[PDB]
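**Q** Quick one: this structure, given as structure tokens, is what I'll be asking you about.
Number of protein chains: 2
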Amino acid sequence: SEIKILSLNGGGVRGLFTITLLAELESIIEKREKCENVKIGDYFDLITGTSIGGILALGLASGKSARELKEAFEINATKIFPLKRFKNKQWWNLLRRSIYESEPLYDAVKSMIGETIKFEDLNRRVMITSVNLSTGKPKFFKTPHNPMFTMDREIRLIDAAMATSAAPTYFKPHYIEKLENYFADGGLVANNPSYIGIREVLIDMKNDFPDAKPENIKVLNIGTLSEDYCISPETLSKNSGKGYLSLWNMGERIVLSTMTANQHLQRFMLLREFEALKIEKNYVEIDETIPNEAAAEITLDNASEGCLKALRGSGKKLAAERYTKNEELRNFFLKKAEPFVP
Amino acid sequence: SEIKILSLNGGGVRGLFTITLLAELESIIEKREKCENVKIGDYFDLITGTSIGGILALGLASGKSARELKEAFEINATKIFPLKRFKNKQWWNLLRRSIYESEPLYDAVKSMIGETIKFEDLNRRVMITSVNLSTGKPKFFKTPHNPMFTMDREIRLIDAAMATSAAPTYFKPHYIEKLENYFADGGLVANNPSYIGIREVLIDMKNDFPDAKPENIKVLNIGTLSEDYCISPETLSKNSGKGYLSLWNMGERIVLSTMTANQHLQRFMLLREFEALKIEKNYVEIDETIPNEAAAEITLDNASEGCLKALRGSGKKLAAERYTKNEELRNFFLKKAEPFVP
């Protein structure tokens, strides 16, 4: 059999790029393939996600079309990342509190999915990647698709969604009152959750797929136009010594370089594995650098009209063009996936 | 065959435990097996490492016995992490410059391995993990044991050792003049290089081992008594949502939590793979815990006499017990690994 994973990296409004590309793909299937009420989340056996990619993954698994999620994201993007706090980062504010507030993000997630939906009422398998800053171990909020691992059953989807999106500096750690633990962003370990998703499909989801091999797994890793993040050599040369706050810019650069490094490492591991089995074709990634953007101005948070317009245009153009040429992006949506019964 | 990998985690001062355990193992080998001039690094076909573990791995790969490295570390644990800078962190100091200086660490690394030795002069394969903050991609300083990857041939060992130990907020990023790039700690990507070490052996070390499987790989992953790191529940309950400077202690806690989470995730993946292939015996770990210290009290840069004594005693005791009972540890030092020739 064929197993399809939908990996969604996390980048903030670059998540809006991700959801715009997904919605455009949905509309393309609706038009060309002659379908009605098509959801982009019904064609995948597992929907992995991290940070806002994880929020979108939970939205897709809960049974909502990518277009409704895109509308909610468009409505709530400026609320999640207000310019009032974006322009007043400085350092005398970052020392007393984190950037932004969890409440606008919480309300955005509540609008997207809801508040009373739990992992036990989901018809599709989903991962949420997070770091549990109370035991020191990462926490993977997955659906009860493995009988040996059936916790998170009584955990609301919004709790996991806020856990994965809590960037260490850009937000505050999310308190899950059920477990009496706090959680941080999943990008601290896996900003590209394709590799851990493949591992889960191979060794965890074995009741659903007893005969699972790497050669029969297809991953659709929708990037966030932030793969090639780096620190510009100018601020490095001017701050590699003591550092006039530009190196490790109140922890923002620590977090961003960490997430970029783990994403690169996991992508490297996945590509090397697929080349080892000569299944390099099985990995489909949609991510291209913006031609007008240098690889240093990539920000986790930018709700300005220009950045949102660039993300929207890139998503639409990339979706249309990749569906036109990339045969595998079309092949991903030939057949629907089978819902899982816990 | 039997491929043996010696992976050493990164803990800063807590590498004193690693080097003490290795030196004690050398001593027991000399006493029991009646050998003369034993180098603990002569029994492994690959010596990965990260941070101070990477420095120790470079020392062992350069041909030094673990006792010479232990003496050098005895002097340079105080000479590297001065009590003055460890007691003078506060908030207005770490705001301007990174704690400690790279020059004491550079002098220490020069004292152990040297300054004029490059990766092409080594007789044993070695990978050192680091994060390149100029391209944003992880950089694995490795010997030219694969003809396809050689660009580390003309790089001094001291440059790699200083790059892998440049813990963010703990040391300034290391500048390599040959590559015109800046590097950070390898614990951001892989604090436990055992998994990536096995990946390297399977996918890269194929010229020497064309027939490589997970079954014939044995990993001796020596920890640093810092696996069970976590944020104190009191600190979170006080200023997790509040986000005061205690939470994310000027990047110290961000980096430490990232190291702990990366180590946990990589160890979890390795253990899951070995359980899948029923080769759990292959992975040998001598990472115990200190039974007289809080989990949240694990620090990366505490070189006080009490902590050094605790690390030394733990290393000696663990070496004694694990040589007495663990037969795999004895199996490691049976036959010397053949040196590799480029």
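Read top to bottom, the protein sequences are chains B and A.
To get PDB author numbering, take the position in the first sequence, counting from 1, and add 7.
To get PDB author numbering, take the position in the second sequence, counting from 1, and add 7.
Positions of the beta carbon are idealized from the N, C-alpha and C atoms, including for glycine.
1. Quick one: which chain A residues come within Cβ less than 9 Å of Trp99/B?
2. Let me confirm a value: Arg160/A is counted as buried when at least 16 other C-beta atoms fall within 10 Å, else exposed. Which label applies?
3. In this structure, what does DSSP give as the bridge partners for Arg163/B?
4. Please classify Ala301/B as buried or exposed, where buried requires at least 16 other C-beta atoms within 10 Å of its C-beta.
5. When you compare only the Cα positions, how much space is there between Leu318/A and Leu277/A?
6. Checking the sheet assignment: what are the DSSP bridge partners for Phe147/A?
7. How far does the alpha helix (DSSP H) with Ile35/B in it extend, from its first residue to its last?
8. Could you compute how far the alpha carbon of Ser321/A sits from the alpha carbon of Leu232/A?
9. Apply the 10 Å Cβ neighbour rule to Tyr290/A and answer buried if 16 or more other Cβ atoms are within range, or exposed otherwise.
10. Under DSSP, the beta strand (DSSP E) around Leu13/B begins and ends at which residues?
11. Can you tell me the Cβ-Cβ gap for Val138/A and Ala174/A, rounded? I've got them flagged as a contact below 8 Å.
12. Please report the distance separating the alpha-carbon of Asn198/A from that of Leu63/A.
13. Along chain A, which residues have their Cβ under 8 Å away from the Cβ of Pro175/B?
14. Cα separation between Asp49/B and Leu29/B?
15. Between which two residues does the alpha helix (DSSP H) holding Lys324/B run?
16. Could you name the residues of the same chain whose beta carbon sits closer than 6 Å to that of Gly66/A, not counting the 5 residues immediately before and after it, in chain order?
17. Can you tell which of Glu40/B, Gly194/B and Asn130/B has the C-alpha that lies nearest to the C-alpha of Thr57/B?
18. Does the distance from the CB of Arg104/B to the CB of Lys249/A come in under 8 Å?
19. For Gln97/B, is the classification buried or exposed, using 16 other Cβ atoms within 10 angstroms of its Cβ as the cut-off for buried?
20. Would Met276/B count as contacting chain A if we go by Cβ distances under 8 Å?
21. Once the 5 residues before and after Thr265/A are set aside, which same chain residues still bring their CB inside 7 Å of it?
22. Pairs of beta-carbons, one from the segment 117–136 of chain B and one from the segment 157–172 of chain B, closer than 8 Å: are there three or more?
23. Check the Cβ-Cβ distances between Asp235/A and every residue of chain B, and say whether any is below 8 Å.
24. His181/B bridges to which residues according to DSSP?
25. In chain A, what lies closer than 8 Å to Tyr189/B by C-beta?
26. Would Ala283/B pass as an interface residue toward chain A - the criterion being a Cβ-Cβ separation below 8 Å?
27. So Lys225/A is in the beta strand (DSSP E); what residue range does that whole segment cover?
28. If you pair each beta-carbon of the segment 220–235 of chain B with each one of the segment 279–295 of chain B, do three or more pairs fall below 8 Å?
29. Note down, in chain order, all residues in the segment 138–152 of chain A with a beta-carbon under 9 Å from any beta-carbon belonging to chain B.
**A** Put simply:
1. On the first sequence, residue 99/B is found 92 positions in, with the first residue counted as 1. Contact of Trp99/B with chain A by beta-carbon distance below 9 Å is absent, the smallest such distance being about 10 Å.
2. Locating residue 160/A in the second sequence gives position 153, where the first residue counts as 1. It counts as exposed.
3. Position 156 of the first sequence, counting from 1, holds the residue named residue 163/B. Note: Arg163/B sits in a beta bridge opposite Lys125/B.
4. In the first sequence, counting from the first residue as 1, residue 301/B sits at position 294. Exposed, because fewer than 16 other Cβ atoms sit within 10 Å of the Cβ of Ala301/B.
5. Taking the second sequence and counting its residues from 1, one reaches residue 318/A at position 311. Taking the second sequence and counting its residues from 1, one reaches residue 277/A at position 270. Approximately 26 Å, taken between the alpha carbons.
6. To locate residue 147/A, count along the second sequence from 1; it is residue 140. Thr136/A.
7. The count along the first sequence starts at 1 and reaches residue 35/B at position 28. Taken as a continuous stretch (DSSP letters only), the alpha helix (DSSP H) holding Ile35/B covers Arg21 to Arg39.
8. Counting from 1 along the second sequence, the entry for residue 321/A is found at position 314. Counting from 1 along the second sequence, the entry for residue 232/A is found at position 225. Rounded to whole angstroms, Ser321/A to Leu232/A spans 9 Å at the Cα level.
9. Here the question's residue 290/A lines up with position 283 in the second sequence. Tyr290/A should be labelled buried.
10. Here residue 13/B corresponds to residue number 6 of the first sequence, with the count starting at 1. First-last of the beta strand (DSSP E) with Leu13/B: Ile10 to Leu15.
11. Against the second sequence, residue 138/A aligns to sequence position 131. Against the second sequence, residue 174/A aligns to sequence position 167. So it is not a contact: roughly 11 Å between Cβ atoms.
12. Mapped onto the second sequence, residue 198/A falls at position 191. Mapped onto the second sequence, residue 63/A falls at position 56. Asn198/A and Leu63/A have their C-alpha atoms roughly 14 Å apart.
13. Counted from its first residue, the first sequence places residue 175/B at position 168. The answer, in chain order, is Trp255, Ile261 and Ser264.
14. Residue numbering aside, residue 49/B sits at position 42 when the first sequence is read from its first letter. Residue numbering aside, residue 29/B sits at position 22 when the first sequence is read from its first letter. One C-alpha to the other measures close to 12 Å.
15. Translated into the one-based positions of the first sequence, residue 324/B becomes position 317. Unbroken alpha helix (DSSP H) run through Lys324/B: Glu312 to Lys332.
16. If you number the second sequence from 1, residue 66/A lands on position 59. So the qualifying residues of the chain are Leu76, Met119 and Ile120.
17. Numbered from its first residue, the first sequence carries residue 57/B at position 50. Comparing Cα positions, the closest option is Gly194/B.
18. Here residue 104/B refers to the residue found at position 97 when the first sequence is read from its first residue. Here residue 249/A refers to the residue found at position 242 when the second sequence is read from its first residue. Yes; because the gap between Cβ atoms is below 8 Å, this pair is in contact.
19. If you number the first sequence from 1, residue 97/B lands on position 90. By the 10 Å Cβ count, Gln97/B comes out exposed.
20. Here residue 276/B refers to the residue found at position 269 of the first sequence. For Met276/B, the answer is yes, since a Cβ of chain A falls inside 8 Å of its Cβ.
21. As a first step, residue 265/A must be located in the second sequence, where it is residue number 258. So the qualifying residues of the chain are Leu195.
22. yes
23. Locating residue 235/A in the second sequence gives position 228, where the first residue counts as 1. Yes, because at least one Cβ of chain B sits closer than 8 Å to the Cβ of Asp235/A.
24. Reading the first sequence from its first residue, position 174 is the one you call residue 181/B. For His181/B, which the question treats as bridged, DSSP gives the partners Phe190/B.
25. Taking the first sequence and counting its residues from 1, the one referred to as residue 189/B is at position 182. What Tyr189/B touches in chain A: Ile238, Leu243 and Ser247.
26. Counted from its first residue, the first sequence places residue 283/B at position 276. The beta carbon of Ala283/B falls within 8 Å of a beta carbon belonging to chain A, placing the residue at that interface.
27. What you label residue 225/A is simply residue 218 of the second sequence in a count that begins at 1. Segment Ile224 to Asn228, the beta strand (DSSP E) holding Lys225/A.
28. yes
29. Those residues of the segment 138–152 of chain A that come within reach of chain B (Cβ to Cβ, closer than 9 Å) are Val138, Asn139, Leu140, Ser141, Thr142, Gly143, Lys144 and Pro145.
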